[PDB]
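Taking the form deposited in one PDB entry, here's one chain by itself in structure tokens.
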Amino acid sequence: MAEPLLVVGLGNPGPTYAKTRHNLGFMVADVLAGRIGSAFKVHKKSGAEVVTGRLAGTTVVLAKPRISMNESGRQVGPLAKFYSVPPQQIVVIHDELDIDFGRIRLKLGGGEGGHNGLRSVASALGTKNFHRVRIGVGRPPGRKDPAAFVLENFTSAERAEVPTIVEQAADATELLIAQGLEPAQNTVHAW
């Protein structure tokens, strides 16, 4: 056993939320599984969905939580001990408010901003040192509040651009793993 890696995506359960701005993390994950072969199934001694296999040159483990978020770290902590994994070999995908609509950036460490799920995770592990993949959506109209703006649907002109963007994020995840942080930062960035 050469000591593996663990990849994770964030979102909420049901038909009611399937296509809001806050569910982007779920969409990129259904695609990666189609590039491997099989479908999901529940892990009984923790309670979540999992898939195992081969990718970009090495041994990998994939997942999706099943609870409302201010309650989502009670299943991520236990899963990490069952297989004996270090904190520097963990990767996570989510949505971002401080960048324009159609941009991507990579990172290690720092502050959590305004996402509720990110804080629940670092509080169960005991530290803030893990890797991240950011995707932006913009700022609110006038005097409209930030927590109500992310639960709505997209407008019509933004709707014909979404399937193109989901493809570019998957290609970028395979490169971090097979080449490294500093060099992969030189092809995708600006200023």
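Numbers follow the displayed sequence, beginning with 1.
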Average Cα temperature factor in the PDB entry - higher stretch of 78-86, 96-104: 96-104
Mean Cα B-factor comparison, 143-151 or 29-37, giving the higher one as deposited: 143-151
Residue selected from 135, 63, 166, 69 by maximal Cα B factor: 69
Lowest, middle or highest third - CA B-factor, residue 43: middle
Lowest, middle or highest third - CA B-factor, residue 111: middle
Chain-relative CA temperature factor third for residue 131: lowest
